[PDB]
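Below is one structure, written out as structure tokens; comments come after it.
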Amino acid sequence: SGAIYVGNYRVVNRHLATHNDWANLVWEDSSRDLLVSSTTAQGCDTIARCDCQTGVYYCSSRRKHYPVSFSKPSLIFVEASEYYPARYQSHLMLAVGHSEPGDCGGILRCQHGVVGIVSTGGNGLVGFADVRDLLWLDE
Ligand SMILES: CN(C(=O)[C@H]1CCNC1)c1ccccc1
Ligand SMILES: [Zn+2]
């Protein structure tokens, strides 16, 4: 689990979004595994505006942050799940690292802020849904 809180927005994995998320839906992309919901409290997270390919992500299944190199956001084939067990996920970044289902929502961050959230795992690769293109999150 985990979310990004920036201004009056909550960013979550679309597959973990709650009733309240969908009740206050701002934007969702099933191809990206992202949902943004509206919040009453003003969030204080900073979204990275950059093309960093290095950062640190939180891995709940190890209670540890890992520094990683990650690929630029791309259209990536993803398998096995129950929300979508096989399809192309867009705006996805991979790194070599540990991820399990429950690690989804872990934040990946660089010096410039939040890069994205853990979205996919399997074969020792961790997929992060990029948020850096969502310039609207900051206004
Ligand atoms: C196992 N796996 C793949 O098969 C991808 C890797 C690049 N193209 C196919 C995958 C997908 C998403 C996240 C982590 C791993
Ligand atoms: Zn950066």
Side-chain angles (χ1 to χ4, degrees):
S1 58
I4 309 164
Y5 299 96
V6 48
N8 284 298
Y9 298 123
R10 176 172 138 97
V11 190
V12 291
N13 297 91
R14 190 188 185 281
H15 65 106
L16 301 180
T18 68
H19 300 286
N20 182 72
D21 284 325
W22 275 111
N24 290 287
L25 177 65
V26 176
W27 174 76
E28 56 78 32
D29 195 326
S30 59
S31 85
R32 294 183 65 151
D33 188 33
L34 292 186
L35 185 145
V36 176
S37 60
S38 57
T39 68
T40 45
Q42 255 149 226
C44 308
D45 299 347
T46 300
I47 309 298
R49 305 296 184 195
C50 71
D51 64 354
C52 286
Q53 278 195 69
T54 68
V56 172
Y57 80 101
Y58 180 64
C59 175
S60 53
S61 70
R62 300 275 180 280
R63 287 170 191 139
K64 280 172 268 293
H65 301 262
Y66 290 108
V68 288
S69 300
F70 51 87
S71 62
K72 285 177 150 174
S74 313
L75 197 64
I76 290 287
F77 181 74
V78 190
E79 33 57 80
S81 174
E82 76 205 67
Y83 316 98
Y84 9 58
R87 54 153 192 117
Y88 281 105
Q89 184 167 329
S90 61
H91 292 269
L92 191 60
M93 297 170 293
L94 295 195
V96 177
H98 191 52
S99 166
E100 307 178 14
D103 293 322
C104 286
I107 291 170
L108 172 68
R109 329 179 127 263
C110 63
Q111 62 261 60
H112 308 119
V114 174
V115 170
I117 53 170
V118 172
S119 180
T120 73
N123 309 34
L125 296 155
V126 37
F128 312 87
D130 184 54
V131 297
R132 297 179 289 188
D133 65 325
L134 306 176
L135 306 193
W136 53 269
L137 290 173
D138 289 301
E139 48 198 20

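First listed ligand is number 1; within each ligand, the first listed atom is number 1. Atom set for the values below is all heavy atoms of this structure, side chains included, hydrogens, waters and symmetry mates excluded. The first residue of the sequence shown is numbered 1, and numbering continues consecutively from there.
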Note to self: Can you tell whether the side chains of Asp138 and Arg49 come within less than 4.0 Å, N to carboxylate O?
What the structure shows: yes
Next item on the list: Could you list the atoms of ligand 1 found under 4.0 angstrom from a heavy atom of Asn123?
Entry: 1 (C)
Next item on the list: Note the single closest protein heavy atom to atom 11 (C) of ligand 1, along with its residue, its atom name and the distance in Å.
Entry: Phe77 O, 3.6 Å
Item checked: Cluster check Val118, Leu16: I/L/V/M/F/W/Y, side chain < 4.5 angstrom -> no
Next item on the list: For ring-ring contact (aromatic ring centres under 6.0 Å, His included), just list the numbers for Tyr9 and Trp136, CA-CA rounded to whole Å, side-chain angles, deciding distance to a tenth of an Å, and then say yes or no.
Entry: CA-CA 10 Å; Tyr9 298 123; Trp136 53 269; 5.3 Å; yes
Item checked: Pairing of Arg14 and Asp29 as salt bridge, 4.0 angstrom limit -> no
Next item on the list: Tell me which protein heavy atom sits closest to atom 6 (C) of ligand 1, plus the residue, atom name and distance to 0.1 Å.
Entry: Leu94 CD1, 3.8 Å
Check: How are the rings of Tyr57 and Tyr66 set relative to one another: parallel (under 30°), tilted (30 to 60°) or perpendicular (over 60°)?
Finding: tilted
Notebook entry, point to check: Should the pair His65 and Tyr58 be assigned to parallel (<30°), tilted (30 to 60°) or perpendicular (>60°) ring geometry?
Noted result: tilted
Next item on the list: For atom 15 (C) of ligand 1, find the nearest protein heavy atom and state the residue, atom name and distance (0.1 Å precision).
Entry: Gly122 O, 3.2 Å
Notebook entry, point to check: Which one of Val11, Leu34, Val6, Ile4 satisfies the side chain to side chain contact (heavy atoms under 4.5 Å, CB included) criterion with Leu134?
Noted result: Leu34
Next item on the list: Tell me which part of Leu125 gets within contact of ligand 1: side chain, backbone, both or neither, using heavy atoms under 4.0 Å.
Entry: both
Notebook entry, point to check: What is the nearest protein non-hydrogen atom to atom 2 (N) of ligand 1, stated with its residue, atom name and distance?
Noted result: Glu79 OE2, 4.2 Å
Next item on the list: Measure the shortest side-chain to side-chain distance between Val68 and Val56 over non-hydrogen atoms and say whether it is less than 4.5 angstrom.
Entry: no
Notebook entry, point to check: Does some side-chain heavy atom of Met93 sit less than 4.5 Å from a side-chain heavy atom of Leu108?
Noted result: yes
Next item on the list: List the closest protein heavy-atom neighbour of atom 12 (C) of ligand 1: residue, atom name, distance to the nearest 0.1 Å.
Entry: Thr120 OG1, 3.3 Å
Next item on the list: For the Zn ion (ligand 2), report each protein N, O or S atom nearer than 2.8 Å, sorted by chain and then by residue number.
Entry: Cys50 SG, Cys52 SG, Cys110 SG, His112 ND1
